[PDB]
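Below is one structure, written out as structure tokens; the observations come after it.
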Amino acid sequence: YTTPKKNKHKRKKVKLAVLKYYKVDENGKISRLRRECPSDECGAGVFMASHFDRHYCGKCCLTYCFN
Amino acid sequence: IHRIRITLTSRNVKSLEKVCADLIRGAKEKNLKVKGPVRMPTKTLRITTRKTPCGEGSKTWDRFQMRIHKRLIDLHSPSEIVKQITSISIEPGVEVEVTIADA
Amino acid sequence: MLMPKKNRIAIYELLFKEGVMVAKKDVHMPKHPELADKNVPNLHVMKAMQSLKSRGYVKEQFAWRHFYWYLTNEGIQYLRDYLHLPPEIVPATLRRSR
Amino acid sequence: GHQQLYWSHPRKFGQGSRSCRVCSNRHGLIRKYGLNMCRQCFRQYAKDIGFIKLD
Amino acid sequence: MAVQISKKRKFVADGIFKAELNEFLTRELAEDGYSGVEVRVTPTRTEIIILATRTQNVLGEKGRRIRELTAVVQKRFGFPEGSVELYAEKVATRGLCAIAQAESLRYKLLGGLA
RNA sequence: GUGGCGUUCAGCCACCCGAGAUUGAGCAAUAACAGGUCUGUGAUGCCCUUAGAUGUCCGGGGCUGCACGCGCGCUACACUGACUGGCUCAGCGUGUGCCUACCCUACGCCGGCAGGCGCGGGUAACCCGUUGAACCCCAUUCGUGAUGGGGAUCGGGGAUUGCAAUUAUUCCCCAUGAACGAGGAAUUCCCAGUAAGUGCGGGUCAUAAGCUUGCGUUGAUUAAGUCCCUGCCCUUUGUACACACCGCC
RNA sequence: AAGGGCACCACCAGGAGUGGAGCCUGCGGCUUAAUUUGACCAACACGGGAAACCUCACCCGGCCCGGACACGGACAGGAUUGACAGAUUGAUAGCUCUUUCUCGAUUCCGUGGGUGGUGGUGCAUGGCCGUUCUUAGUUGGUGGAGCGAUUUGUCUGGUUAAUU
Ligand SMILES: [Mg+2]
Ligand SMILES: [Mg+2]
Ligand SMILES: [Mg+2]
Ligand SMILES: [Mg+2]
Ligand SMILES: [Mg+2]
Ligand SMILES: [Mg+2]
Ligand SMILES: [Mg+2]
Ligand SMILES: [Mg+2]
Ligand SMILES: [Mg+2]
Ligand SMILES: [Mg+2]
Ligand SMILES: [Mg+2]
Ligand SMILES: [Mg+2]
Ligand SMILES: [Mg+2]
Ligand SMILES: [Mg+2]
Ligand SMILES: [Mg+2]
Ligand SMILES: [Mg+2]
Ligand SMILES: [Mg+2]
Ligand SMILES: [Mg+2]
Ligand SMILES: [Mg+2]
Ligand SMILES: [Mg+2]
Ligand SMILES: [Mg+2]
Ligand SMILES: [Mg+2]
Ligand SMILES: [Mg+2]
Ligand SMILES: [Mg+2]
Ligand SMILES: [Mg+2]
Ligand SMILES: [Mg+2]
Ligand SMILES: [Mg+2]
Ligand SMILES: [Mg+2]
Ligand SMILES: [Mg+2]
Ligand SMILES: [Mg+2]
Ligand SMILES: [Mg+2]
Ligand SMILES: [Mg+2]
Ligand SMILES: [Mg+2]
Ligand SMILES: [Mg+2]
Ligand SMILES: [Mg+2]
Ligand SMILES: [Mg+2]
Ligand SMILES: [Mg+2]
Ligand SMILES: [Mg+2]
Ligand SMILES: [Mg+2]
Ligand SMILES: [Mg+2]
Ligand SMILES: [Mg+2]
Ligand SMILES: [Mg+2]
Ligand SMILES: [Zn+2]
Ligand SMILES: [Zn+2]
């Protein structure tokens with residue numbers, strides 16, 4: 001019954017619509033956009049992030065500081 | 001021919017004095033040289049409890065105890081003819097444990 | 001219950017191949033002692049058969065600190081439809097001996 | 001959760017990691033001879049274990 | 001062969017084995033006029049007889065409820081597979097042991113009778 | 001058994017012979033109690049609370065804080081003693097743990113001490129262990145002085161347990177040397193291996209006993225009675241009491 | 001009130017004391033964000049309660065769901081699960097906030113309804129214990145006495161630790 005803050009509202013995921021990591025060109029063209037992860041668990045599988053600088057695999061948590 | 005040691009442990013003596021006397025005359029009938037029943041000192045186990053579920057009362061303790069009787073028989077027998085001497089008297093209060101000869 | 005799908009089928013297929021399974025009442029245990037292979041802890045197995053008791057597929061009993069469970073006849077037919085087994089495979093409690 | 005601090009305080013030594021085998025209580029416990037029961041739940045099973053109040 | 005244990009600790013862990021088994025099967029065979037155990041421990045198959053009155057229920061549907069009460073013992077207490085077996089006996093003079101008649105009076109009171 | 005008293009009944013007292021002529025406990029009726037426990041319980045009724053939870057976890061704190069009052073204790077007020085050295089005897093009992101990590105420890109070497117590092121034995125009448133326990137005993141110093149009685153308070157240092165020791169865990173060392181000269185009104189236990197002195201186990205225990213539960217050890221004074229005090233049992237009797245004298249009025 | 005008998009939780013005869021001092025510890029009181037709480041001969045080194053953490057309730061903060069199942073939505077055009085870094089935080093709680101990755105139908109959002117609770121009431125109870133009460137006491141059947149509640153048996157006396 002103290003009420004110092006009244007709420008610490010829970011995180012909501014921003015719910016992006018479609019997948020769309022790739023492109024398509026000249027009626028058929030494989031071209032990635034994000035980096036793949038070189039780990040053994042997801043080699044040529046899931047993608048790495050693209051932050052303001054760096055790349056980051058969300059599965060094995062290793063990130064590379066893009067300086 | 002070995003020098004084997006049977007050990008008999010129980011919690012009641014009248015159920016152990018029947019099993020231990022079964023192994024003696026069971027091997028005197030089968031003409032073995034049997035060293036007699038050697039009686040170890042007993043082991044009393046004396047948990048003492050406050051007797052009350054709460055703490056209120058006149059401080060009356062509660063003395064539980066359990067004696068353990070242990071007797072051992074030493075034989076002069078080979079490894080085969082003792083097995084029908086061992087496996088004829090279970091009497092579930094007695095835990096017959098047969099050790100090995102050489103050690 | 002969050003409880004991933006690989007962590008769920010490995011409990012039911014041992015809850016099917018024997019008609020019973022026994023778990024201890026503590027939620028803080030790293031692995032189930034009998035399973036111990038698919039890295040399943042004691043908290044998932046306590047919350048698997050709480051779902052099965054509410055659906056009537058199992059019957060429990062609790063002696064001192066151990067839940068025990070028993071397949072009913074409704075739970076046998078459901079596990080032959082969720083684990084996708086042919087309609088002749090039985091638990092061990094139906095027939096092993098005479 | 002999460003996994004690093006849900007049960008991170010070490011339940012080694014001390015009466016926070018010793019419970020009665022019957023009633024899961026942590027007070028008034030008898031650990032002598034490997035009983036590991038409470039002092040009241042011992043008196044229910046005192047004869048069923050095989051202790052006799054002789055004197 | 002795995003580890004040796006003391007005689008003062010062996011008899012307590014054996015007597016508290018059957019104190020839990022008696023309490024568990026009081027829960028299961030509650031309505032079968034239960035009346036205790038008698039556990040015959042050997043270094044072989046250790047048989048455990050049941051002294052219930054209505055042996056028609058502990059032996060389940062063609063032995064269902066006695067082949068799933070042996071499978072809970074060897075999975076809890078640490079017995080190896082195919083080692084322990086339970087039996088089902090019948091006590092004579094059912095109205096002469098109290099561990100059958102207190103449950104018998106219990107289901108008269110749970111049924112709704114005065 | 002013998003003698004004595006007794007209705008010569010039930011029995012009692014003395015005595016002989018004997019290990020012993022009443023060893024200590026355990027269990028324990030009827031009828032009760034608004035006695036204690038929902039904080040022993042997956043014993044439990046109703047009620048309350050349930051996601052910003054009285055669920056559960058984590059981090060920190062508290063339960064130990066202090067003008068004071070009271071209860072159980074420990075150490076004392078010393079010479080029937082402290083001190084130092086030598087000598088010399090016990091009995092109960094525990095010991096590596098399903099989860100569970102945490103066992104009792106011999107011996108050898110390093111350190112003043114607490115302790116450390118190596119090597120073993122013991123799941124135990126097997127090893128610790130012949131449990132070299134203390135008081136006591138024998139010899140020295142002390143000398144009636146708040147003294148070499150008493151060891152509270154307090155500073156600095158050294159180790160051990162642990163994730164963590166500060167509000168000091170415990171232990172060791174060197175210092176600090178407080179009241180206390182045998183206790184007012186009261187009042188509590190106890191009669192034989194008993195009181196009391198004196199140490200050792202067990203429980204709690206990672207660390208640990210001024211507590212308790214057991215064990216030996218040295219070992220008495222007094223009493224073999226009574227109903228005066230405090231109560232209890234039976235009978236007669238009185239009652240305006242029955243919530244029963246903390247009554248009623 | 002009278003007559004019997006009894007007990008070192010009563011006394012006599014005594015012994016060691018306690019009450020005094022210092023400290024140990026348990027309660028009341030005060031204080032405190034909290035100093036969690038039960039009990040007042042038969043409470044007060046009692047709850048086997050010697051609490052550094054844990055125990056732990058209590059205090060100040062911060063996660064977590066360990067909210068079964070049913071119904072309706074939401075949804076593979078991904079219901080939702082984790083997380084490195086900066087900031088943020090007591091903290092290597094992705095706890096929130098930026099940032100995007102990842103997970104794949106298990107959850108999520110509501111209506112019901114569980115479930116948990118060292119929460120309340122021991123004056124709603126079980127069980128267990130203590131005490132009345134360590135003394136010798138208590139009850140039926142049949143018969144007798146009574147209108148009856150009840151009484152005799154279960155006793156004048158002697159005896160015994162004892163309705164022996
Ligand atoms: Mg009351
Ligand atoms: Mg209770
Ligand atoms: Mg309740
Ligand atoms: Mg308890
Ligand atoms: Mg805490
Ligand atoms: Mg306290
Ligand atoms: Mg007291
Ligand atoms: Mg001195
Ligand atoms: Mg000796
Ligand atoms: Mg001085
Ligand atoms: Mg700390
Ligand atoms: Mg402490
Ligand atoms: Mg000094
Ligand atoms: Mg100790
Ligand atoms: Mg204590
Ligand atoms: Mg007398
Ligand atoms: Mg008097
Ligand atoms: Mg009275
Ligand atoms: Mg008058
Ligand atoms: Mg009258
Ligand atoms: Mg008046
Ligand atoms: Mg008095
Ligand atoms: Mg006097
Ligand atoms: Mg004194
Ligand atoms: Mg005094
Ligand atoms: Mg005083
Ligand atoms: Mg004093
Ligand atoms: Mg307080
Ligand atoms: Mg209360
Ligand atoms: Mg009294
Ligand atoms: Mg705490
Ligand atoms: Mg971060
Ligand atoms: Mg999260
Ligand atoms: Mg809680
Ligand atoms: Mg509860
Ligand atoms: Mg009451
Ligand atoms: Mg009651
Ligand atoms: Mg009585
Ligand atoms: Mg009549
Ligand atoms: Mg009468
Ligand atoms: Mg009379
Ligand atoms: Mg008379
Ligand atoms: Zn990766
Ligand atoms: Zn218990």
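Ordering of the structure tokens sets the chain letters (A, B, ...); residue numbers start at 1 within each chain; ligands are numbered from 1 in the order shown.
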Surrounding residues of residue 52 in chain B excluding itself and chain neighbours under 6 positions, 8 Å, only C-alpha atoms (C1' of nucleotides), as a PyMOL selection string: (chain D and resi 40) or (chain G and resi 128-129)
Identify all chain E residues at most 7 Å from chain D by counting only C-alpha atoms; ligands do not count. Present them as number ranges by chain. E: 8-9, 12, 15-16, 19
Which residues come within 8 Å of range 35-52 of chain C, counting only C-alpha atoms (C1' of nucleotides), excluding same-chain residues fewer than 5 positions away, as a PDB file with N, CA and C atoms (P, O5', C5', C4', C3', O3' and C1' of nucleotides), in the first residue's frame?
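What ended up in result14.pdb:
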```
ATOM      1  N   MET C   1       2.352 -24.199 -18.598  1.00  0.00           N
ATOM      2  CA  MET C   1       3.682 -24.782 -18.482  1.00  0.00           C
ATOM      3  C   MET C   1       4.439 -24.678 -19.804  1.00  0.00           C
ATOM      4  N   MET C   3       7.710 -25.877 -21.078  1.00  0.00           N
ATOM      5  CA  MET C   3       7.891 -27.317 -21.305  1.00  0.00           C
ATOM      6  C   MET C   3       8.011 -27.724 -22.773  1.00  0.00           C
ATOM      7  N   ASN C   7      10.986 -32.258 -24.582  1.00  0.00           N
ATOM      8  CA  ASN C   7      10.980 -32.501 -23.149  1.00  0.00           C
ATOM      9  C   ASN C   7       9.656 -33.087 -22.666  1.00  0.00           C
ATOM     10  N   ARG C   8       8.625 -33.099 -23.509  1.00  0.00           N
ATOM     11  CA  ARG C   8       7.313 -33.621 -23.151  1.00  0.00           C
ATOM     12  C   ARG C   8       7.088 -35.053 -23.612  1.00  0.00           C
ATOM     13  N   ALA C  10       9.321 -37.331 -24.272  1.00  0.00           N
ATOM     14  CA  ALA C  10      10.208 -38.236 -23.550  1.00  0.00           C
ATOM     15  C   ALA C  10       9.690 -38.584 -22.160  1.00  0.00           C
ATOM     16  N   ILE C  11       8.774 -37.790 -21.609  1.00  0.00           N
ATOM     17  CA  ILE C  11       8.123 -38.163 -20.359  1.00  0.00           C
ATOM     18  C   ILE C  11       6.954 -39.104 -20.622  1.00  0.00           C
ATOM     19  N   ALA C  23       7.827 -39.734  -9.127  1.00  0.00           N
ATOM     20  CA  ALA C  23       8.625 -38.528  -8.996  1.00  0.00           C
ATOM     21  C   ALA C  23       8.583 -38.028  -7.558  1.00  0.00           C
ATOM     22  N   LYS C  24       9.672 -37.388  -7.144  1.00  0.00           N
ATOM     23  CA  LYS C  24       9.794 -36.818  -5.810  1.00  0.00           C
ATOM     24  C   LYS C  24       9.235 -35.402  -5.798  1.00  0.00           C
ATOM     25  N   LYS C  25       8.606 -35.025  -4.684  1.00  0.00           N
ATOM     26  CA  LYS C  25       8.095 -33.664  -4.539  1.00  0.00           C
ATOM     27  C   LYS C  25       9.232 -32.761  -4.074  1.00  0.00           C
ATOM     28  N   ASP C  26      10.010 -32.300  -5.049  1.00  0.00           N
ATOM     29  CA  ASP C  26      10.813 -31.095  -4.906  1.00  0.00           C
ATOM     30  C   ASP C  26      10.983 -30.484  -6.286  1.00  0.00           C
ATOM     31  N   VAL C  27      10.742 -29.178  -6.382  1.00  0.00           N
ATOM     32  CA  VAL C  27      10.843 -28.519  -7.677  1.00  0.00           C
ATOM     33  C   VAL C  27      12.273 -28.133  -8.003  1.00  0.00           C
ATOM     34  N   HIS C  28      13.167 -28.165  -7.015  1.00  0.00           N
ATOM     35  CA  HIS C  28      14.565 -27.789  -7.198  1.00  0.00           C
ATOM     36  C   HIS C  28      15.412 -29.056  -7.300  1.00  0.00           C
ATOM     37  N   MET C  29      15.370 -29.691  -8.470  1.00  0.00           N
ATOM     38  CA  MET C  29      16.208 -30.851  -8.736  1.00  0.00           C
ATOM     39  C   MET C  29      16.676 -30.741 -10.184  1.00  0.00           C
ATOM     40  N   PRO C  30      17.971 -30.948 -10.455  1.00  0.00           N
ATOM     41  CA  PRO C  30      18.474 -30.710 -11.820  1.00  0.00           C
ATOM     42  C   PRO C  30      17.991 -31.721 -12.845  1.00  0.00           C
ATOM     43  N   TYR C  57      -6.744 -38.635 -17.124  1.00  0.00           N
ATOM     44  CA  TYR C  57      -5.939 -39.646 -17.796  1.00  0.00           C
ATOM     45  C   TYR C  57      -5.013 -40.403 -16.857  1.00  0.00           C
ATOM     46  N   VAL C  58      -4.939 -40.024 -15.578  1.00  0.00           N
ATOM     47  CA  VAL C  58      -3.996 -40.624 -14.643  1.00  0.00           C
ATOM     48  C   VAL C  58      -4.596 -40.517 -13.245  1.00  0.00           C
ATOM     49  N   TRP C  69       2.041 -42.368  -9.884  1.00  0.00           N
ATOM     50  CA  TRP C  69       0.957 -42.225 -10.846  1.00  0.00           C
ATOM     51  C   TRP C  69       0.599 -43.565 -11.473  1.00  0.00           C
TER      52      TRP C  69
ATOM     53  P     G G  66       3.676 -22.113 -14.937  1.00  0.00           P
ATOM     54  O5'   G G  66       3.448 -23.366 -13.984  1.00  0.00           O
ATOM     55  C5'   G G  66       4.522 -23.876 -13.207  1.00  0.00           C
ATOM     56  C4'   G G  66       4.193 -23.941 -11.736  1.00  0.00           C
ATOM     57  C3'   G G  66       3.798 -22.618 -11.088  1.00  0.00           C
ATOM     58  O3'   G G  66       2.868 -22.858 -10.032  1.00  0.00           O
ATOM     59  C1'   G G  66       5.797 -23.424 -10.100  1.00  0.00           C
ATOM     60  P     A G  68      -2.349 -23.110 -15.839  1.00  0.00           P
ATOM     61  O5'   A G  68      -2.747 -24.650 -15.842  1.00  0.00           O
ATOM     62  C5'   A G  68      -1.794 -25.644 -15.503  1.00  0.00           C
ATOM     63  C4'   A G  68      -2.452 -26.901 -14.991  1.00  0.00           C
ATOM     64  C3'   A G  68      -3.542 -27.496 -15.863  1.00  0.00           C
ATOM     65  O3'   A G  68      -3.042 -28.240 -16.959  1.00  0.00           O
ATOM     66  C1'   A G  68      -4.263 -27.460 -13.615  1.00  0.00           C
ATOM     67  P     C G  69      -3.499 -27.878 -18.457  1.00  0.00           P
ATOM     68  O5'   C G  69      -5.066 -28.154 -18.470  1.00  0.00           O
ATOM     69  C5'   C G  69      -5.582 -29.468 -18.337  1.00  0.00           C
ATOM     70  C4'   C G  69      -7.032 -29.443 -17.931  1.00  0.00           C
ATOM     71  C3'   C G  69      -7.979 -28.767 -18.908  1.00  0.00           C
ATOM     72  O3'   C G  69      -8.367 -29.602 -19.985  1.00  0.00           O
ATOM     73  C1'   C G  69      -8.398 -27.963 -16.726  1.00  0.00           C
TER      74        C G  69
END
```
Select all residues from chain B having any atom no more than 12 Å from an atom of chain E (counting only C-alpha atoms, ignoring ligands), output as a list in words. residues 7, 8, 9, 10, 11, 42, 43, 44, 45, 46, 47, 65, 66, 67, 68, 69, 70, 86, 87, 89, 90, 91, 92, 93, 94, 95, 96, 97 and 98 of chain B
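If you count only C-alpha atoms (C1' of nucleotides) and ignore residues fewer than 3 places along the chain from residue 104 in chain F, what sits within 12 Å of it is residues 94, 95, 96, 121, 122, 123, 124, 127, 128 and 129 of chain F.
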Mind dumping a table of every chain G residue within 12 Å of chain B, with the nearest atom pair and its distance in Å to one decimal, using only C-alpha atoms (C1' of nucleotides), sorted by chain and rising number, as CSV?
```
residue,atom,partner,partner_atom,distance
G:9,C1',B:58,CA,11.9
G:38,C1',B:55,CA,8.8
G:39,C1',B:56,CA,6.7
G:41,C1',B:58,CA,10.8
G:42,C1',B:58,CA,7.1
G:43,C1',B:56,CA,8.3
G:44,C1',B:56,CA,11.8
G:46,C1',B:55,CA,5.5
G:47,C1',B:55,CA,3.9
G:48,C1',B:50,CA,6.1
G:49,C1',B:55,CA,9.8
G:122,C1',B:54,CA,11.4
G:127,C1',B:53,CA,10.2
G:128,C1',B:53,CA,6.4
G:129,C1',B:52,CA,5.1
G:130,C1',B:57,CA,4.5
G:131,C1',B:57,CA,8.6
```
Site check for ligand 11: residues at most 10 Å away, only C-alpha atoms (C1' of nucleotides) and all ligand atoms, as a ChimeraX atom specification: /F:60-61,163-166 /G:52-53
Selected residues written out, N, CA, C and O atoms (P, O5', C5', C4', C3', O3' and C1' of nucleotides), as a PDB file, in the first residue's frame:
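Output file out_5.pdb follows:
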```pdb
ATOM      1  P     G F  60      23.269 -10.635   0.994  1.00  0.00           P
ATOM      2  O5'   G F  60      22.657  -9.391   1.773  1.00  0.00           O
ATOM      3  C5'   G F  60      23.275  -8.119   1.681  1.00  0.00           C
ATOM      4  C4'   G F  60      22.444  -7.032   2.311  1.00  0.00           C
ATOM      5  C3'   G F  60      22.056  -7.220   3.762  1.00  0.00           C
ATOM      6  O3'   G F  60      23.107  -6.994   4.680  1.00  0.00           O
ATOM      7  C1'   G F  60      20.190  -6.463   2.567  1.00  0.00           C
ATOM      8  P     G F  61      23.161  -7.851   6.037  1.00  0.00           P
ATOM      9  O5'   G F  61      21.965  -7.267   6.909  1.00  0.00           O
ATOM     10  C5'   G F  61      22.038  -5.954   7.438  1.00  0.00           C
ATOM     11  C4'   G F  61      20.701  -5.458   7.929  1.00  0.00           C
ATOM     12  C3'   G F  61      20.156  -6.100   9.189  1.00  0.00           C
ATOM     13  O3'   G F  61      20.770  -5.622  10.369  1.00  0.00           O
ATOM     14  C1'   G F  61      18.436  -5.950   7.603  1.00  0.00           C
ATOM     15  P     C F 163      31.948 -22.231   0.777  1.00  0.00           P
ATOM     16  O5'   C F 163      31.880 -20.658   0.551  1.00  0.00           O
ATOM     17  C5'   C F 163      32.271 -20.077  -0.682  1.00  0.00           C
ATOM     18  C4'   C F 163      31.575 -18.759  -0.907  1.00  0.00           C
ATOM     19  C3'   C F 163      31.618 -17.783   0.256  1.00  0.00           C
ATOM     20  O3'   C F 163      32.815 -17.027   0.288  1.00  0.00           O
ATOM     21  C1'   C F 163      29.403 -17.945  -0.567  1.00  0.00           C
ATOM     22  P     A F 164      33.753 -17.027   1.589  1.00  0.00           P
ATOM     23  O5'   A F 164      33.237 -15.792   2.446  1.00  0.00           O
ATOM     24  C5'   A F 164      33.264 -14.471   1.928  1.00  0.00           C
ATOM     25  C4'   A F 164      32.214 -13.622   2.594  1.00  0.00           C
ATOM     26  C3'   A F 164      32.295 -13.570   4.110  1.00  0.00           C
ATOM     27  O3'   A F 164      33.180 -12.564   4.568  1.00  0.00           O
ATOM     28  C1'   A F 164      30.085 -14.100   3.450  1.00  0.00           C
ATOM     29  P     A F 165      34.333 -12.886   5.606  1.00  0.00           P
ATOM     30  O5'   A F 165      33.595 -12.781   7.009  1.00  0.00           O
ATOM     31  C5'   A F 165      32.924 -11.576   7.403  1.00  0.00           C
ATOM     32  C4'   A F 165      32.531 -11.651   8.858  1.00  0.00           C
ATOM     33  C3'   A F 165      33.662 -11.470   9.873  1.00  0.00           C
ATOM     34  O3'   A F 165      33.248 -10.533  10.856  1.00  0.00           O
ATOM     35  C1'   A F 165      32.391 -13.384  10.395  1.00  0.00           C
ATOM     36  P     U F 166      34.324  -9.636  11.606  1.00  0.00           P
ATOM     37  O5'   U F 166      33.880  -8.157  11.235  1.00  0.00           O
ATOM     38  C5'   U F 166      34.328  -7.050  12.008  1.00  0.00           C
ATOM     39  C4'   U F 166      33.285  -5.965  12.079  1.00  0.00           C
ATOM     40  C3'   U F 166      32.153  -6.210  13.073  1.00  0.00           C
ATOM     41  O3'   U F 166      31.720  -4.965  13.615  1.00  0.00           O
ATOM     42  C1'   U F 166      31.258  -5.989  10.907  1.00  0.00           C
TER      43        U F 166
ATOM     44  P     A G  52      23.356 -18.612  13.283  1.00  0.00           P
ATOM     45  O5'   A G  52      23.700 -17.297  12.454  1.00  0.00           O
ATOM     46  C5'   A G  52      23.439 -16.003  12.977  1.00  0.00           C
ATOM     47  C4'   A G  52      23.937 -14.930  12.044  1.00  0.00           C
ATOM     48  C3'   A G  52      23.449 -15.025  10.609  1.00  0.00           C
ATOM     49  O3'   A G  52      22.175 -14.432  10.438  1.00  0.00           O
ATOM     50  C1'   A G  52      25.791 -14.652  10.639  1.00  0.00           C
ATOM     51  P     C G  53      20.970 -15.261   9.782  1.00  0.00           P
ATOM     52  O5'   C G  53      21.403 -15.432   8.264  1.00  0.00           O
ATOM     53  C5'   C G  53      21.652 -14.308   7.438  1.00  0.00           C
ATOM     54  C4'   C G  53      22.057 -14.752   6.061  1.00  0.00           C
ATOM     55  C3'   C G  53      21.078 -15.687   5.375  1.00  0.00           C
ATOM     56  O3'   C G  53      20.013 -14.998   4.742  1.00  0.00           O
ATOM     57  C1'   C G  53      23.266 -16.564   5.194  1.00  0.00           C
TER      58        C G  53
END
```
